[PDB]
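Colleague: The structure that follows is given in the form of structure tokens.
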Amino acid sequence: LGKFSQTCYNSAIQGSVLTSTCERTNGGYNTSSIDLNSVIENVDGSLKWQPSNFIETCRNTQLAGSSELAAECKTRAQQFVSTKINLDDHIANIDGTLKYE
Ligand code: NA
Ligand code: NA
């Protein structure tokens, strides 16, 4: 539920990054930044908060075969339907370590 702006000042945005100077519980101020690239997305030209983790609206996640993520997920109509996504689309082996591409 946020409300940072109420107890912060000198807020600015540069690219995807918010910086602000915010009141500590016990009197001081601290300047910090948050990168909004992980929490906001462009949907057809409108900035939207990114949905909560898919694990909150999906169940029975499994690996199907060698690279498919399979689950049942809630539609906006609140019904569960079967869905799958090929993790080979974007998950790479970078020298022994799994990395998102
Ligand atoms: Na500071
Ligand atoms: Na700081």
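In the structure tokens, chains take letters A, B, ... by order of appearance, with residues numbered from 1 within each chain and ligands from 1 in the order shown.
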Produce as a list in words the set of residues near ligand 1, where near means within 10 Å with only C-alpha atoms and all ligand atoms considered.

Modeller: residues 20, 21, 22, 28, 29, 30, 31 and 32 of chain A

Colleague: Quick one: residues within 7 Å of residue 70 in chain A, only C-alpha atoms, excluding same-chain residues fewer than 5 positions away - as number ranges by chain?

Modeller: A: 61-64, 83-85

Colleague: Show me, as a ChimeraX atom specification, the residues that have an atom within 8 Å of residue 37 in chain A when counting only C-alpha atoms, minus same-chain residues fewer than 3 positions from it.

Modeller: /A:16-17,40-41

Colleague: Would you mind telling me which residue in A:88, A:14, A:19, A:81 lies nearest to ligand 2 when using only C-alpha atoms and all ligand atoms?

Modeller: A:19

Colleague: Skip residue 75 in chain A itself and residues of its chain fewer than 4 positions away, then list as a PyMOL selection string all residues within 10 Å of it, counting only C-alpha atoms.

Modeller: chain A and resi 57-58+79-81

Colleague: Okay, now the selection with C-alpha atoms, as a PDB file, in the first residue's frame?

Modeller:
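Done, and the output landed in part.pdb:
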ATOM      1  CA  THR A  57      -2.576 -17.563  -8.715  1.00  0.00           C
ATOM      2  CA  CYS A  58      -1.253 -20.880 -10.078  1.00  0.00           C
ATOM      3  CA  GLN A  79     -11.402 -20.272 -12.882  1.00  0.00           C
ATOM      4  CA  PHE A  80      -8.386 -22.540 -13.108  1.00  0.00           C
ATOM      5  CA  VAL A  81      -7.224 -23.562 -16.579  1.00  0.00           C
TER       6      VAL A  81
END

Colleague: Tell me which of A:6, A:48, A:23, A:1 sits closest to ligand 2, counting only C-alpha atoms and all ligand atoms.

Modeller: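 Once distances to ligand 2 are computed over only C-alpha atoms and all ligand atoms, the minimum belongs to A:23.
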
Colleague: So, with only C-alpha atoms and all ligand atoms as the atoms that count, which of A:50, A:87, A:34, A:101 lies closest to ligand 2?

Modeller: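 Of the candidates, the smallest distance to ligand 2 is held by A:34.
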
Colleague: Mind checking DSSP for chain A and telling me the strand (DSSP E) residues as a ChimeraX atom specification?

Modeller: /A:8-14,17-23,29-35,40-43,46-49,58-64,68-74,80-86,91-94,97-100

Colleague: Figure out the distance between CA of residue 89 in chain A and CA of residue 52 in chain A, please, to one decimal in Å.

Modeller: 21.9 Å

Colleague: Of the candidates A:26, A:33, A:5, A:67, which one gets nearest to ligand 2 if we count only C-alpha atoms and all ligand atoms?

Modeller: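 Of all the options, A:33 lies closest to ligand 2.
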
Colleague: Measuring atom to atom with only C-alpha atoms and all ligand atoms, identify which of A:4, A:13, A:24, A:43 is nearest to ligand 2.

Modeller: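 With only C-alpha atoms and all ligand atoms as the atom set, the closest residue is A:24.
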
Colleague: Identify which of the residues A:35, A:44, A:68, A:56 lies closest to residue 91 in chain A, counting only C-alpha atoms when measuring atom-to-atom distances.

Modeller: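 Of A:35, A:44, A:68, A:56, the one nearest residue 91 in chain A is A:68, counting only C-alpha atoms.
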
Colleague: In Å to one decimal, how far is CA of residue 42 in chain A from atom 1 (Na, counted along the ligand's line) of ligand 2?

Modeller: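 So the answer is 28.9 Å.
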